[PDB]
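Data first, discussion second: the structure below is written as structure tokens.
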Amino acid sequence: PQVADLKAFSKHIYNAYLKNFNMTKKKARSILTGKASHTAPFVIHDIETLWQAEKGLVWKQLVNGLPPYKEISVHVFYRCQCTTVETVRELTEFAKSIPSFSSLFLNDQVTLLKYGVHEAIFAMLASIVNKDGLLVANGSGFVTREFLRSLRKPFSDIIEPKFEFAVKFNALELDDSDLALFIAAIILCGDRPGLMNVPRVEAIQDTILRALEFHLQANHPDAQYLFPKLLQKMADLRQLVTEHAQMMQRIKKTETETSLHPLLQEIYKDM
Ligand SMILES: COc1cccc(-c2ccc(C(=O)N(Cc3ccccc3OCCCCCC(=O)O)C3CC3)cc2)c1
Ligand SMILES: CCCCCCCO[C@@H]1O[C@H](CO)[C@@H](O)[C@H](O)[C@H]1O
Ligand SMILES: CCCCCCCO[C@@H]1O[C@H](CO)[C@@H](O)[C@H](O)[C@H]1O
Ligand SMILES: CCCCCCCO[C@@H]1O[C@H](CO)[C@@H](O)[C@H](O)[C@H]1O
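In this text, residue positions in the sequence shown follow PDB author numbering: the first is 170, and each later residue adds one.
Right under this line is the structure:
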């Protein structure tokens, strides 16, 4: 009985995912591997190719809309911020497309997004990453990991840990239908500080995890220990976000000319 009900539940979460996210892992891997396309991403690996990309690639966020130019490393940070905020927007609409999330009081919705979106962002980020770099500008660009390493501290340091996480996460070979459930479980988390209706959120979280376990039995029948591996990745994401927030505090303290987006300020306020 419940195996069948949870299958339906999972399909509605997958549909929420397909409706709301700009890029799927399926599309991202087809770009990263070269698989079937008349166009290849422009590679950004140094200052000259960065300038050419700002001149010539199509950006969701127009360069003139970014804060005033300071230097190369900050400019990259500002592009990172733009994408982070765009993904918060997508995660919010994904969450709101899940009925049991929308049925929560709005203040609990905000609490879940506040403490869950970065975890979800760093999980979804793996979809566009390989060991050598990541996709940018809706897949029309590829920024090398080596170039990102060459940025000055603190900006290079806040980037590299996410690659380290992503390469290990991608070795589990999740597809979009697995990720939709994984991300929903990250957002619908009963552990978040200040939740008003903890039992309700705990119950939803449990349903999603049961759906995930069963989804993996069907979709990855040969993969041993995959469900417990993913619970551990959820734990790992919490630690990755703690470190990230600590690094952001140092950027706020020491990089005083760097602007932080007001929405992210609200997210870090009580972290
Ligand atoms: C010319 O254009 C470019 C040049 C060079 C790099 C880029 C670029 C590179 C990476 C992204 C990106 O997709 N992201 C950012 C990202 C990716 C990996 C590691 C870290 C990281 O952000 C850390 C800072 C986050 C601050 C916000 C905060 O939380 O307060 C995804 C997370 C969203 C977009 C754009 C564009
Ligand atoms: C203000 C300092 C920080 C500026 C750098 C980040 C700007 O990002 C963009 O800002 C818009 C304003 O909300 C969002 O709507 C977009 O989704 C987001 O991509
Ligand atoms: C359902 C609409 C009416 C909601 C009214 C309740 C608002 O509560 C506020 O929720 C915020 C998180 O969302 C917390 O950060 C605040 O501390 C808390 O005061
Ligand atoms: C778009 C969803 C992303 C959530 C954005 C981050 C939430 O910020 C919080 O908003 C609450 C008001 O609602 C305040 O009470 C809190 O002090 C503040 O930390």
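Heads up, the beta-carbon is just placed ideally off N, CA and C, and yes, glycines get one too.
- For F211, the secondary structure class from DSSP, reduced to helix, strand or coil, is strand.
- With fewer than 16 other beta carbons inside 10 angstroms of its own, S271 counts as exposed.
- Residues close to ligand 2 by the beta carbon criterion (under 6 Å to any non-hydrogen atom) are, from first to last along the chain, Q230, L235, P236, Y247, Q250, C251, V254, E255, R258, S428 and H430.
- With respect to the 8 Å criterion, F324 and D215 are not classified as neighbours on the basis of their beta carbons.
- With contacts defined by Cβ atoms closer than 8 Å, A185 and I267 form a contacting pair.
- Short note on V312: C-beta closer than 7 Å to some heavy atom of ligand 1.
- Going down the chain, each residue whose beta-carbon is closer than 5 Å to a heavy atom of ligand 4 shows up: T261, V279, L282, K283, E435, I436 and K438.
- Between the region 380-398 and the region 410-419, the count of C-beta pairs closer than 8 Å stays below three; the two stretches do not touch.
- For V312, the enclosing beta strand (DSSP E) has its first and last residue at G310 to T313.
- For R321 and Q386, the gap between their C-alpha atoms comes out near 45 Å.
- DSSP places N299 in the strand class (E or B) of the three-state scheme.
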